[PDB]
Structures are given as C-alpha cells and as structure tokens.
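Undergrad: sequence below, structure please.
(one chain, ligands or ions: 2)
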Amino acid sequence: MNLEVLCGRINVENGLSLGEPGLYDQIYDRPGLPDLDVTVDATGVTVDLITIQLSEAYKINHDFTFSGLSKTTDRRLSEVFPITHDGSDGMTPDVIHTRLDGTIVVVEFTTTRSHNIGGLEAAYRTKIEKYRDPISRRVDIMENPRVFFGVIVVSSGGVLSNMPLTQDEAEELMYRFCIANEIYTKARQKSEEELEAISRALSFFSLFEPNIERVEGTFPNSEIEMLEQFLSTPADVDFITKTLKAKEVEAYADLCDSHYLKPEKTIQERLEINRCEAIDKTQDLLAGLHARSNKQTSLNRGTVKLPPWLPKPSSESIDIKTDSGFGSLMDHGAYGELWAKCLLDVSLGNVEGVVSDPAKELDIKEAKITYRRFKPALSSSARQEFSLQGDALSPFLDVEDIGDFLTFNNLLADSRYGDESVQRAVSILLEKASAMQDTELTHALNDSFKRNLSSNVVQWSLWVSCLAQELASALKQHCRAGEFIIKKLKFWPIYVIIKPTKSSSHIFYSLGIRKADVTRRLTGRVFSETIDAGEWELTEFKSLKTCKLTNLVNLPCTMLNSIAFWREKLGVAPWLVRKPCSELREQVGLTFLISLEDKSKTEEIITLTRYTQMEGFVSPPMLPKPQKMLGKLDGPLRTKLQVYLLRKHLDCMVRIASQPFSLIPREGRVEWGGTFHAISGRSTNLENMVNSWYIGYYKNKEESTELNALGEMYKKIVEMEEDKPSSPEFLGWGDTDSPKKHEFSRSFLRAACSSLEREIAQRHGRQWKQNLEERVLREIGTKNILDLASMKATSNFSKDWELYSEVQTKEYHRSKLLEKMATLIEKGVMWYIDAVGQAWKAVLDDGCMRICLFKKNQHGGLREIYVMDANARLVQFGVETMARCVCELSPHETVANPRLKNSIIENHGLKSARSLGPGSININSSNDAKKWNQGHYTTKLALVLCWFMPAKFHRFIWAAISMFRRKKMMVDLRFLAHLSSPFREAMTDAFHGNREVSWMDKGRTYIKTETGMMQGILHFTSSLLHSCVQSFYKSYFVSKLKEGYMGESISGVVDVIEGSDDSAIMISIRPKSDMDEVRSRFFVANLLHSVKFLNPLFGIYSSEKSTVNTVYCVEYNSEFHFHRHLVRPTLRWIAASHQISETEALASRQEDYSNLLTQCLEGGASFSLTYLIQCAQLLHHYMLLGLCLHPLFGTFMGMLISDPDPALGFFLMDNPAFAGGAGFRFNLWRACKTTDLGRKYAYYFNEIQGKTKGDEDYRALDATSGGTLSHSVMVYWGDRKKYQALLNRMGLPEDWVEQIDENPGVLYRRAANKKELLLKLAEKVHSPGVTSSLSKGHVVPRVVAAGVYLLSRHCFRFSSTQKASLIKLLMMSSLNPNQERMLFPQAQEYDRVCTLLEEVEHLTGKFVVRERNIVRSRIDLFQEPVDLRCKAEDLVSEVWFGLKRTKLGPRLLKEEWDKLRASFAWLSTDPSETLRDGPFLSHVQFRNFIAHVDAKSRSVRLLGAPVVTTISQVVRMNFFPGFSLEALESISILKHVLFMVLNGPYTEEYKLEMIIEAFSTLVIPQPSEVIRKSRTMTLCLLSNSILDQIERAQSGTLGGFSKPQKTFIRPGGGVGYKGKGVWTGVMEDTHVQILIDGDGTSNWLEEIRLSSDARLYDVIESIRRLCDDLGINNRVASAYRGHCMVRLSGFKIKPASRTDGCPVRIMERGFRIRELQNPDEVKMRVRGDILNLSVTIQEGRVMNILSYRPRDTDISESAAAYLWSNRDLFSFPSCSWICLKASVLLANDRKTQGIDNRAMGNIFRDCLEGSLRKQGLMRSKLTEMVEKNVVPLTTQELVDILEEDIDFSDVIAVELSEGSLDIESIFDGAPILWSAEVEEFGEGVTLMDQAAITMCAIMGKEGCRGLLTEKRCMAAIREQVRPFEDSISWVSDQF
Ligand SMILES: [Mg+2]
Ligand SMILES: [Mg+2]
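TA: Numbering: from 1, shown residues only. Ligands and ions are numbered 1, 2, ... in the order given. Shown next is the structure:
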C-alpha cells in the first residue's frame, strides 16, 4: 500500500483526463474483528492501549482508512498551476502528486456509510461536481498539459475508483474502513425531494390501519399471536440435537443399504449387482407398460404428415394454370372428381371474390388480395366420405423405418438447382447488404451460406413454410356450406384446396401437383403416402391445429442453424466442401424429426436424458444410479417415434449404470475419458455431448389455447390441495420430527434466520437495519402514480363472472393496467403511497384475489403466467420492494445481485488455495427442489420476512400476505363449454355436483385454492427463505467439519450458492497421507448426502433430479464447470435466436434480432458461426415481410435497392470477424459513413424548414424509435380509440395538443396539479407504441400485414410524409465529425475497433491444434458501472426551463450547450421559436425525438485466449476453434537515455550536448519502418540524405509564411508584427490556410481553411500549438465571410448561426500549393522536459517542425545494466543517475546551501527531494501499526448462532472402531488424488514494470542515506512534530 506504484500505474495523454470508474468488491475472506475497547472520556477515545483525540475521532473515519496515502507536504492548487484569480486558488486537494514526467495527478478520497451503488455513485458525482471547473480552468492556460484526475470512494460493500488496483488493496481498504467506521459510530446532507418522500411514507406507515379482526375473520389462519410468539420465544436446543442425530443415523443406514456397502464386495461386484438391478427395473417397466395396450407388432402409418416433393421452382406467379388436361381425373373419383370439378370451375366462371386486405386485420390500392370461394356439388359417395372425415402403442413395435432413416437418407446432398427465382431474390439483397465489406472473408462466408441454402432439406422446408403462411392467412374466413378455396404457392407448381371451420382451431387442406414437375424426393419412408391420379398426385384432407403453425413457418431458419452449428461443432471448416461425415446425418435427421413431429412427451424424453446422463460423474463411495428416472417415463405412447426414443433411452441408461466415466489427471489438468451421445452409439468429447441434451428446445409467447395442455395446467395447479394438514397446529406453532406434506418446524426456521442475520451483520457493519429502513422508505416514497408498469396485464374477473351459463356466450377479454391508473388520476391521487389506503379496503371487502391464468406454448420452461387484478398488484408491489431490498444485501442470493452468478464459483478456487496450500480436492453437489410451488404454505414467508423488518412494517406485511390463503382462479370458457357436453373425469363430476371435491364449487366457473404460492408474484421472498436454509446448511457443515469423527479435525472450506430453485454446494479438502484422504472422502460423502433427509424440516422437498457427490464438476443454472473448463449449452439460444415479435414500427425488429445474436455470442460461438446465424436471421426477417405472400414484392425490392436506409425494411449485416460483438448502433454508425445514409441524416440536421411555407417543408416528421430515427408515418400506427375515448370521458379538452404547445413546461417537471397530469397521461397514450387492439386472431398474418401495409402506404400515397421518389427529389434542395460524435456517444471506441478490424481482409492462417484447453480470460467490452456523461436531453431542460438536471456549471454548461447548438442547425435557445424552423409539427414530437436520439450499445462478456489480453488476440483465436487468423534493441536504450537526460538534473546546453553525443555513438534503423513514435526518433537521428522530403512526406508538420504581416519596432526594443498576413502549411495531409490579422496590441486569428474534414479534432489542437508557437491570441471576434461549417472561440466549438468567433470554412480546393522552404535554417532545441526540431520562418518568429516528450514506460533496467558495463561514454551523481545502482552523497551535503557548480542548479534539489520515497517503506502511523496483530476471521459456527454447544452422532466412529466397513477396500480401484499434482479449481480470473521501476529509482539515489537516517534514529522519526543533527538530510528533505 503505497502511493508511488498506484500513481505510476495510470498513463495519461496530453490534456485533462478522468479515466473510467471501476467497481471492486469482496472476494477473499474478510479479515479483522480484533479486540475492540472503546471508552469515551475527557482525552477523547481509547482503543486496543492507544488513546486518540476527540475531535480527531470526529474525523478518524477517513484518516485511518487512508493512513498509507497522504504522506506529502500538503501542497495547494496555486503551487502547481498558473494563477487564475477565480477564487478557487485556495482549493486544497487531498493528494496532489507530480511524478518525474510532469504528469499532474490530483486525487481526493471519500467514505460513505451506504450499502449499495446509490451512495457510491452519489459520492462520485458530488466529488466530480466539487472539483470539475477549477482544474479545467487551470488546464486551459497551460502549454502541454497532461493532467489526470481520480476519485476513490469506499464502503463496507465495495470500492469505486477510476485508478486500477488489485483485489488485495481493495480488501485492505474495505476492512480498514470497517474497523474505522465501527470505532467512529461507537465514539458517538440529503436533498429536499427524498427528505419529503421519507416523511410522506413514514406518515402513511404510522397511520396505516388494517382491520386485523375482519382479517382474522375472512382468512383461515391469520393470527398475530403466531408472529409475536415466533419473534419472542427463543429456539430449543435439545430438540435440534436429537433430531439431527436421528436424521444422521437414518441417512447413514440408507446410504449403506442403498449403495451396497455390505459386507465386503469390491467395486466390480457392486457394479455388476447394480447392472442386474437396473436390467430388472427396465424389464419391469417395459412389461408393465406393454401389458395395457392394443398389442400390435406392425403399425403401417407415417410420421411426417406432408408428402416428399422437390419441384424445380419456376417463374413466380399467383394464378391457377388452366390448360391442364382431365383425361384421368375420373379414375378414382371420390377424390379425383373433386379436383376435376375444381379445375373445371376455376377454368371458366365459377370463382367468386374474397378480398383479404391488410388494412382490415389491423382493425384500422392494388395491394388487395383475391381469393375464390367454391360450391361444387359432389356425388353422394364422395360427399359422405368427406363428411365422415371432415389407443396407446406397445413398446415392441419393430420401428426400424426410423432406424434406417437416420443412417442413410438424402437430406444434406445438394439440390442441383442453386440458381433459381427465390435464391436469386434472396442473394441479391444479401449481396447488396454485404457490399459494405467486400473482402474475401465476406465472399467466402456468403458462398458457404448459399451452398447451405442449396441443400435439398431447406428446399423442401421452404414451400412447407409458404404453405403454413398461406394456411395461417386463410385461417379466419367466412365458411359457406360445401365451400372450398383453391390457391397456388407463388413459387412452386403446387395447388392447395382449403376448407375452413368455425371453431378456428384447426383446418382441412389437400395438396395437388402436376406429377410431371416432381424432380426429386427426400427418398425417405416416414412420409404420408399419397394417391395416384394418372397425371396428378393428391392428398387426403389432413388436419393441422392452429397451435402447430409457427413451428412450420420457422422451419428453414432452424434447419439452417442446426446444419451450420453441427457442421462446425464436429470440426469442419466453414469454407471447405466435404462429404457428410455419417456422424452428422444422425443429428440433422433427429432435429428434423423432432421439429416436424411437434408434441410434448416426445421431446420430453430428449430433454430428460440429461438427468440420466448426468450420472457417471459420481465418486467411488457412491454408484451411478440413473434408475431414479424411471417414473416420469411411464404413460401412453402414441407415435412410432416415442417408442424408438424410449428404447434408445433405456439402452443408454443400462449402458451407463454398468460403469462410470473414467477420471484421468495425466498432467496438472483433469479430464473424463468415456462419453457418448445419448440417443446413438457414438464417442464424442464433452462439449459435443453437453449441448446434445437441447435438441428440441424453442420459445414462444403465443398463448396457446388447446384444451389438452390447458387441462394439464389446471391439473398441475391443483395437485397438493387435498393434502392440507386439516390442523392449524404444525403450520408455525410447534416443532415436529417427521413433518407432513405441508408442515415445518418453527425452531429450525428461527435458527436459519438467526444464522443468516448473523452472516449479514458480520459482512456489513452492525446497525444496518436503520440504513435498510431508510432505503425502503425512500424507494417507496418516490413512486409516482403515473410512472407505473403501464401496458401490463390485468383481469376483469369480478363476483358477477361466478355462475357458468348465467354469464356465458360472452368473451372475457382481460385488459391492461393503464385504465386503472387513468381512473385513479381522475379521482385526484398523485403518489403511489396514496392509492393503497383505499385499494386494501376495496380488496378486504371482497374475499379472494381474483387471479386469472395464462399459458404459452414452448413444451417446457416457464409456461404458466398468473395475471392479477389491479387492486392486488397495487398491494403486492409495496411488499415485493421490501422483499427485494432485504434480499439485495445477501452474500448467497443470485437474483438481486446478478454478477455473483459468475463469482461465487470461480473465485472459490483461489479461496481454497489461500488457506489450504495448493493442491486441494473438490467435492460438489448440485441440488434442486421437487415442487417449489404448491408446497410453500404462505405463513413461513411472512415470518421470515417480518424477522428482517424494523417493526414499523409488521402489521402491513402480515395483512398483505394474509391475502394469499383464499384465491380464486378463472378458467377458459371454451373449456367449460366442451366439458359440459381420468382427472378430467373427476373435474367434470365435481362441476356437475355428483362427486364432491374440496376446491371446485358446484356450477361455478373458477377454482378455489388455499395452499401454495403463485409463481412470479412472490419472486424474492422464496429466494430469501432459500438463502436462510442454505446459510444454516453451510453453518452446520462447517460445524461438522471442525471436529472429526474421532476428535480429529479435517480442514476444508465450504461454499454455498443458490438462486430461486437451483443451488449448489462446493466443499473442498486437503489430505496429507493416503488413508486420511479415504476417511475424509467417506465423511464428506455422508455429510453431503444428509441434505436430502435434512430438507423436509424447512418445508422443502428435494427431487430426484439432483446429482450428489461429484468430484470435479458442478452445475448451477445451465453452465457446467468441468474443472478449469466451463461448458455452456449454446444450442439453446441458437434455437431461440429468431422469435416472432410484434412491435408496431420497423427498425425496431432489427434491434431484437441483434439482441438475440449478442446473447448467442455471450453463450459462446465463434464469429464464423454468428455470421451465418445472422444471415439466417436476415432470411427470416425478409420471409416475414411478404416474401412469399404478396405478389407486389418486386416493386418493394427495387425501392429498397435504391434506398439502403433501415426503417424501410433494409437489413444491415455486421462484419464477418467481430460479428455479434457490438450491437445495432455500431452497424448504424459504420453504415452512416460509407453509404447514402450519411446524406439522408445530414438533411435532417442542416435544413431550416421554412421553405417560404411551401409544400416540401418538414419532410419526414421527426420520430425516434428505440435508438434510431425515422418518419412519423410508422410510429403513429396502432389503434388507440378506446384510450382516447376514456380520456374524453375525463376532463381532457381536445385543444390539449395545442394547449401543450402554449406551455411545454409540463413535459419535463413531474406535476403540480391534476390537469397537467391528464396532459402527461395523454402524451403517454400516444408516443411509444402502446396499443389497444385485441389479439383476436393469429400473429404471422397480422405481422405480415403490419409490414406490407406501411410499406405500400409509404410507396405510393401520403399519411404527412411524401412518396419515396418525392423525398428523393426533395433531397436535391454529409456528416461532419462534430455531429457524428454528438450522435454516437461512443464513436472513439468504434474507431478503435474498426482500426483493429481493418487488417483481416484476407483469409490467412494456420490449423495449429493447441493444448487440451487454452484457459481463456474474462474480457469486458465497452461497459461502465453507472455513467459519467450528461444526456443530450438534460441540457435542453436546463437551458430552456432552468431545471438543473445536470450540474456542469455556467462555463461548462454554456460550452456544452453551444456544442449542441453547433450540432443541430435549427436548434435555438427559444422553446417556442424552435418549432417554426425545425422539422416538426407539434411540440410533442420533439420531446419524444430528443429522448432517444443518442444511444449506446450493450456490454459483452466475451472470452479470449491470454498472452493480459486484447481484442486482436480474440479476433486471432475466436474466429474458429482450432484455427488462428493472422496477417533493434538500440531504440529501447535510446529511449531510456533520452528520458533520463531530459528529465535528469542538468543544464539545457549540457542536455543538448549529452543528447547529441548519445546520437553520435548510437545507430538506428532506416525510416522505412512503421511510423508511430520511432519515426521522429529516426528522423532526428538521420538529421546528422535529404531531410526536406523526409519531413514533407511521411506525415511531418511544416509550413512557410506566404504573406508576412509587417515589421514594427516597439521603443522598448520589440519586434512586433502588425497588419494582415496569410500563413500556409501542410499538416497530416490537409494543406490548411490561416488568414491572420492584428493592428492594436497583438494579433488575432481571422479565418481557417481545410481541404478535407476526416482528421479535424487533431488539426484543431495542432493549430492551437502552432499559434502558441507564433504567439497569437484567439479571443476577439471577426466579421463572418462565408458559409462556414462551424466557428471557433478560445479553441472551442461555436455554431455558424451565432457568428461569434473565427469560422473554419472548409473548401476542398481552398488552397493547394506549398511554400518551398530552405533546408539550411533548421535547428534543434531542448526545452525543459521537451525536445524540438524547428525552423525560423521569420525574424524572431520560429516554427516547431517536430516535437518529442518522453513517456514514463521506457525507464528500462536491462538497458541500465548494460550502460553500467560501459566506460567509453565519457558522458557518464550522473553515474548513479543514468546507470541506476568516490562516494556520491558526501559532496552534495552542503552544495545546496552555497551554489558552487558548473552544472544543474535548482533541478538537482527538485530531484533529490525523493528521500521521502525510501522513507515511505517505513514510518507508518501508530494505530496503523499497532493494529497489525489481528488474526483472520475464523468462520461462522453454529455454537455461536445457537449460543450453546452441540454433540453429534458417532456412528462412523464406532463403525471404524469395530471394523464393519473396511474403508481401505471400498476406494481400492479408482485413482488416488491426494498426491496427484493438479491445478486448483476455477476457470476465470503495466503493473509489473511500472511498479518495479518506481520502487527501483529510489535506492540508486538514497542507498546510504537511508542507512544514515535509520542509524541516527528509528522510533522518533515516525513523528514529525517531535523533531519540530543531520541538518544536511533535513535540508535535502525540506526547510
Ligand atoms: Mg445435472
Ligand atoms: Mg441444479
């Protein structure tokens, strides 16, 4: 802990810097808690025996915390910077440091007593506000300033600091602060808004009165006696001891008698016995299943319900060809005659008109579609057959068709038609999009994607998707008797006949093909057999439910993803064509089958095989037992596929149960030998198996309404209802050894709460309840009623909807929540804390919760959703916030602290290594819970919450929780309808009143419920309870480990991580001998196994889906930590990467398409696969835009080709390398600098839309969506009539829009009255995209509508935007870097990325296979904790209304506002005037426009190989696994000697002497090299061929003087230059011109000219330096001369409309000629700490051609050691200076008192003041040194939480005593691990040189001086006031 290394870490560039704030937290074990003895008395305070002063104790909180930092002499602001006289010259910093490179560093520390990011961010912002302006003022008047600013803020939780540190110093600081804050508080300003909110909430809580008596009445078991008796009485001890002993002996006996530890068999015998038992169990299951079924041996049927046809698509057309013959369409008749009649009727005249036009479906020209009805009179036989149309299978069925289908099948062979209509229509758009990056990489990847699209599988899937879209469209028409509809598929010779229904739940269709254009077939045999008709081939009226439609639409964009992902995972090159590996056909075929055949209970087997395969990772003491998965596999079978899957699964189980997975740690790493695919016979590595358990995964939110799934849901909801204990005794009143299905022991709950509370109170400092209460009161008291969770779901279920058939033949139609806030705002309420006072009473007058149900269709996941009513949400939101607040400050929970998801597992390894010695062994168990819902009686939650509250909340929480013990649930009306015509057979009887059941009333349309928490509602209380339980488990395990089985003590650390349901335990030990390892492994095995039996006490039932006692692997949520290797299932997000999403505006879909891609990249995928996924995403986005439905797609394609702007349908594709890295904003930025888009945006910002009040003004109305901006024609869409009608029912005058423009002040301040609240509601109801139309139909049709409607409407007619071509001609009525930066607030990072990206334009690399696993890094891209910048909207609120939403300051506020004005032309400082000039029509469009103009991309946690890392490394490695992508020593010593001479104490003449001699002796490479900084070096070295062109070319900086002003003589002898001159120059290829003028006291800048504008922000400071050289002020104004880009005052940016300062008028041909300078007047110069090569252009006026300043990262030591071994350099205190190492200190002891030297003067005294550096290694404070006797923190220990001692069961003790176990024979076999040399667990985790050199350049100056200062004294020198002999050293020091 020293300041020198810390300040040496940071490197700064010229100017002022603030860096980036970073957040460090607690990782290692907290030290501290010493003997604390605080006694306040007269002399102050006392601690231990050291006494501190009282008023010093008033500030010890900061002095002690930073004792090792402030050791300087307390300089001032004036002493370092030039005087500004602005009052701030007396601003005293906390540490002002100036290292030997002039890099000024001002740092101030702070300490807050908060507990979250809130106080941290607050302190950071207030420190920045305190110290912003003076330092900027001082840096504005310096020559070459390099000043850094840093802030340090600490808290008991974490530390926020912009200067990089190491976790050790963070831990030191945090624990020091803990001690300091403790002694501070034992020894003993907010704003106004929060000060009002706290009182507003406290008043309500103090006067809140819930009717506890009516509550006890209307609710079963709500009694305050339970709560008070739980809080008051302590916890029993003897009961717990006997219960633990009983549970322990029971678990031990169960383990022994379940894993065959009796009596003596070896491992192989136990394994064969296990194999026999598994065989028996599978045999029994098969027999019991086959016994109840129609026993068959062959079932002729199919699996794919569609016929295999592969036509060659012809020219596109939507019309039925007529000339077909009929010579054979009457062979069969009953189907052929139907098609014959159809063709004959459509031929001549029988068709009719049915228009299905987009504008209808959204419920609002030639875009209208034409469909044909039908009425063909069929014969009686065929009519009867059609009216006729429209048992569980056996495990032994000989399903071999599926078998040999997955072996040989033409599924991946190339369909020879790869250049046809559809492929052209896609590839053209693809090439147009990719034209931005025309490298070889992009061409290769596009060719690979097209080759993939050419395979016959996607060719078959394409027309299937077309058919599915057409059917979804035709789903809801009008049905005539005997009607039909004939349609063509617009790309293929296929015809479909459709017969819709009225139920709108399925459909009937029949296909037909010409039988002469069927080119190929999929040559399978699981396919629906068609029929022959001569020259035709037809189908037989299948039926497809409406639920199984989206999966048919999304078929190509999942087949492509599967093909690409599996082709890459196998290890094939994405740019090298090969054959199908015959191990790849299986995976693709299986994906195809599981996708097409879409049911539950079929993919469920595959998603369940994981828990079966998750065995074999079990440790020798136990055996792999997959037989626990029998059950959940029973039930009926209804497909030929389920039988095959079940047989293969059972075979995999019996294969696994015979031998586990091997475990061989060859080198220091560990692996696992034998793995294999689940449904196959294979052998693949881990990563190939892990994400094979996720074959049939997908997501949706469509709200399926099939009666079957809804019935299963209703069944699941009521399962444990009848299991009520029927006794209000064991539900929170007394203890119980064996608890029943819903009971829980109270004393154990109290013990767990006490344990967790002690852990919390030890991590944070005590007296924490107060901080929590204030935090909760604040966070509640600020919730306005308007900013609620609008657009959510509510329930219109009241008492009236309780009698079926009395309210039926109606629709429920659940509604939104906005209506509630509307009808509340009407009633005069503003704050959320006001509505609850009546919402609670309104609820209590009822007797239920009025819950409604909701179910999506995703076959698995989080399917159920329980929507509530507003009166319940309003009371639940006030309690869930308290729950989340109490949960946020826990050390285990991972749903409020999300980052801990990836910290408590990795870092554990380091922890294990810390207090164990390297070489430990892990023992892990990943648990779960069986029924996390329907098993938690809601009283335990209330108790465990009220235990953590300050008692001002007890009554409110008790009431608001007591509302969950009688809830009513709605049901579908169609459900009861069809039901009133097994479990369902009981439900119908309960409904009809025959059989009495205890939930459903007779005749009533609901379901009662008394037990079970709802899912999603009480999300955090469950996590809190689980945290308590897991903390108790951790304490108990630490206890049992503290004392061995026989009085010994095994050593080991425990870790506990847990979220909502899933949880893990990660114990780790270290043995020494061989036998002790065995004993400890057995002990920890029993310990970990006891959890299953210890769980039921807390009302938690562990399932059979949890592994136990695995050696070197865990699994928390979905990621598997296989030792130092982390595996994540990437198929999950890949499959769920293209979800249909209904948003009312374009350019908002690509946002989500990029979000999902970024999520997939996070999940982990080489960029070469992310790019293909993006191509498939583009294909999906275009197919969902009318690619195969509307016939007018050619016109839209032609329009988009000539207009690449998004929001019109165009899709932007990222760079091949670094594809999904940065979000959509990056692609937008990159496209806005190369395409015509840069033009279309420029017009939006540089047009004053007056236009003489023409008919071309405003152009596209400003309207931003998401991050992008577009025309208001799109964002205005959507029905809102219900909402505005409701508003008109209230006091909303129609003038409101106009009435808003008269006073915009109501759009930024919150509220003052009721009326402006209504105005804010009205603006809320129109802007973002809030909808009101009911989802009365499907999604795909109405999405295609919402697309094509807007597209067409913009293409031809108006809205107020113009046509496409009209706007294109309005163009002829791009961006400059200023506005480009103001738009994208992260342009610099984008530029860095792009620069690093413009080197991989070729395909060059090697296939080097590295070691087993390159342990990667944890790289984070652009990402900050909170923020530092002011948003582009707050400046307007401040300038326009005076609200200091930002706190910059008058100078800085003016500067940034002026920059903003210079960014937007029309923008003025008048809120009313800015409407009649800028593109807008109302003063509301601008409010929405400005709040989303600037947007930043999202963060990315990408992994990269180490070297610690960079982005170039990641791009080298991560492009493809197993593949990389790629394209002196005198310079170092020269840099070192240059830095040591320039900054060294010398004289300028002597400096130049030594420099030129060093240049003479040394050599250098020629300048035909890389030019970053050595260019200048080799130039100034070769200045001793022809230098003129050397400086001219190769990016120099020079320029003559074309027009000298004049010469004039001031009588004080001054050569002044007066008049008007013209200077010219050529710096970094600009050829600028500078007109200058001055006639009074000095000169001033007149005008500047530039030939280009790329490098603008650097030319500005270059011109600043040039004027500083030639000495010209830049303060006075000028007379504007032309149409300038911008103007500049004080080297600052000013707009052109202001005409304030010198204007920079860029003219490409402004000035093109050079000055032809003479090469003889060239000199070298050496200023203090500055090297220059210059030329005198005029008499007394010089010009610096080139400059140099040495960095601090070039102070070498090898070069120093070499220079030491040299004598010829007569150049070398100097000897001990350059070469760090008769005497030196003896002569200069008195040389400072009398100046007698021929060398440096003051510089030597400034340098030698560094004795404080060597004095920094010692001489600390007293309390800072006496308190180093602290021992580490031992642990939590249940003898403390329970306050008593506890004995334990010595079963294993007496067993090993008698010898009934023979442990040494159980583990014989499997390898030994105590002596195995392995690396520690965990995967993830210039300081070196800078620290070394900063600690190094001290000794070589004060070696013997330190010895003298130690010899003279060692104890009194620690004090500074005590000395106030060795007058020479003190003089050297100071004074
Ligand atoms: Mg598992
Ligand atoms: Mg788990």
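
Undergrad: got the residues of the stretch 501-650 of the chain near ligand 1?
TA: Proximity of the stretch 501-650 of the chain to ligand 1 is confined to residue 614 under the rule CB under 5 Å from the ion. Backbone N, C-alpha and C define where each C-beta goes, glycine included.

Undergrad: which residue does the stretch 501-650 of the chain have closest to ligand 1?
TA: residue 614 (3.6 Å; CB to the ion).

Undergrad: all strands for the stretch 851-1000 of the chain, in order.
TA: Per DSSP state E, counting those that start in this stretch, the stretch 851-1000 of the chain carries strands over the ranges 852-855, 864-867, 921-927, 967-969.

Undergrad: packing partners for the shortest one?
TA: Using 3 or more CB pairs under 8 Å, 6 or more residues apart in numbering; DSSP states H and E as the contact definition, the elements that strand 967-969 packs against are strand 1007-1009.

Undergrad: in CSV, could you pull the C-alpha coordinates for the helix or strand that the strand it packs on is followed by?
TA: As assigned by DSSP states H and E, the chain's next helix or strand after strand 1007-1009 is helix 1019-1042. What follows is helix 1019-1042, C-alpha atoms only, in CSV (Å, rounded to 0.1, in the frame of the first residue of the first chain):
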residue,chain,number,x,y,z
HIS,A,1019,-40.4,-14.0,-6.6
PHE,A,1020,-37.9,-12.7,-3.9
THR,A,1021,-39.4,-14.0,-0.6
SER,A,1022,-38.8,-17.6,-1.8
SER,A,1023,-35.2,-16.7,-2.6
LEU,A,1024,-34.8,-15.2,0.8
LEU,A,1025,-36.1,-18.3,2.5
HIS,A,1026,-33.8,-20.5,0.4
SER,A,1027,-30.9,-18.2,1.4
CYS,A,1028,-31.7,-18.7,5.1
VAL,A,1029,-31.9,-22.5,4.6
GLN,A,1030,-28.7,-22.6,2.7
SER,A,1031,-26.9,-20.5,5.3
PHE,A,1032,-28.0,-22.9,8.0
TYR,A,1033,-26.7,-25.8,5.9
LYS,A,1034,-23.3,-24.0,5.4
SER,A,1035,-23.0,-23.4,9.2
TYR,A,1036,-23.9,-27.0,10.0
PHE,A,1037,-21.4,-28.3,7.5
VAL,A,1038,-18.6,-26.0,8.9
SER,A,1039,-19.5,-27.3,12.4
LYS,A,1040,-19.4,-31.0,11.4
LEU,A,1041,-16.1,-30.4,9.7
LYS,A,1042,-14.5,-28.5,12.6
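
Undergrad: one step back: out of the strands of the stretch 851-1000 of the chain, which gets nearest to residue 1849?
TA: strand 921-927 (20.5 Å; CB to CB).

Undergrad: could you name the helices and strands sitting against the closest one?
TA: Using 3+ CB pairs under 8 Å, 6+ apart, strand 921-927 sits against strand 1063-1069, helix 1075-1089, strand 1113-1115.

Undergrad: again, 6 Å this time
TA: Counting contacts by 3 or more CB pairs under 6 Å, 6 or more residues apart in numbering; DSSP states H and E, strand 921-927 is packed against strand 1063-1069, strand 1113-1115.

Undergrad: residues in contact with the shortest one?
TA: Which is strand 1113-1115. 617, 924, 926, 1064, 1121, 1122 (CB atoms under 6 Å, 6 or more residues apart in numbering).

Undergrad: same thing but at 8 Å, please
TA: The contact list for strand 1113-1115 (CB atoms under 8 Å, 6 or more residues apart in numbering) reads 614, 617, 905, 924, 926, 1064, 1066, 1107, 1120, 1121, 1122, 1123.

Undergrad: so who does the third one touch?
TA: To tie it back to what came earlier, the one meant is residue 905. So residue 905 contacts 1055, 1057, 1064, 1066, 1114, 1116, 1121, 1882 (CB under 8 Å, 6+ apart).

Undergrad: so what's the third one bridging to?
TA: Beta bridges link residue 1064 to residue 926, residue 1057, judged by DSSP bridges.

Undergrad: and the residue of the chain most remote from its centre, its phi and psi?
TA: In the chain, counting by CA atoms, centre = their mean, residue 1611 sits farthest out from the average C-alpha position, at 70.5 Å. When read as degrees, to the nearest 10, the backbone of residue 1611 gives phi -60, psi -20.

Undergrad: and residue 1237, how far from residue 1269?
TA: For residue 1237, the distance to residue 1269 (CB to CB, to the nearest Å) stands at 11 Å.

Undergrad: which parts of the protein belong to which domain?
TA: For the chain, the structural domains run 3-188, 201-231+768-915+928-1040, 302-390+460-546, 1138-1280+1326-1373+1376-1517, 1617-1713, going by automatic domain parsing.

Undergrad: nearest to residue 739, of the ones you listed?
TA: With CB to CB as the yardstick, what comes closest out of these is domain 201-231+768-915+928-1040 (11.3 Å).

Undergrad: related to what we said a few turns ago, export the domains of the chain to JSON lines and tack on distance to residue 1559?
TA: Output for those, formatted as JSON lines (distance: least, CB to CB, whole Å):
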{"stretch": "domain 3-188", "distance to residue 1559": "22"}
{"stretch": "domain 201-231+768-915+928-1040", "distance to residue 1559": "50"}
{"stretch": "domain 302-390+460-546", "distance to residue 1559": "72"}
{"stretch": "domain 1138-1280+1326-1373+1376-1517", "distance to residue 1559": "33"}
{"stretch": "domain 1617-1713", "distance to residue 1559": "24"}
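
Undergrad: of all those, which lies closest to ligand 2?
TA: Nearest of the domains of the chain (CB to the ion): domain 201-231+768-915+928-1040, 4.6 Å.

Undergrad: residue 756: which element?
TA: helix 746-763.

Undergrad: what sits up against that helix?
TA: Contacts for helix 746-763 (CB under 8 Å, 6+ apart): 26, 30, 33, 156, 230, 234-236, 239-240, 732-735, 768, 889-891, 940, 943-944, 947-948, 1027-1029, 1031-1032, 1035, 1097-1098, 1833, 1836, 1838, 1840-1842.

Undergrad: out of these, which are buried?
TA: Buried residues within the contacts of helix 746-763, counting neighbours by 16 or more other CB atoms under 10 Å: 26, 33, 156, 230, 235-236, 240, 732-733, 735, 768, 889-891, 940, 943-944, 947-948, 1027-1029, 1031-1032, 1035, 1097-1098, 1836, 1838, 1841-1842.

Undergrad: mind listing which of those residues are in helices?
TA: Members of the buried ones among the contacts of helix 746-763 lying in helices (criterion: DSSP state H): 230, 240, 940, 943-944, 1027-1029, 1031-1032, 1035, 1838, 1841.

Undergrad: who's in contact with the nearest residue to residue 948 once chain neighbours are set aside?
TA: Distance criterion CB to CB, 6 or more residues apart in numbering; nearest residue to residue 948, sequence neighbours excluded, is residue 886 at 4.8 Å. Contact analysis of residue 886 by CB under 8 Å, 6+ apart lists 772, 945, 948, 949, 1024.

Undergrad: tally of neighbours for the last one?
TA: Meaning residue 1024. By other CB atoms under 10 Å, 24 other residues sit near residue 1024.

Undergrad: so it sits against residue 883, correct?
TA: Yes: if you go by CB atoms under 8 Å, residue 1024 and residue 883 touch, sitting 6.5 Å apart.
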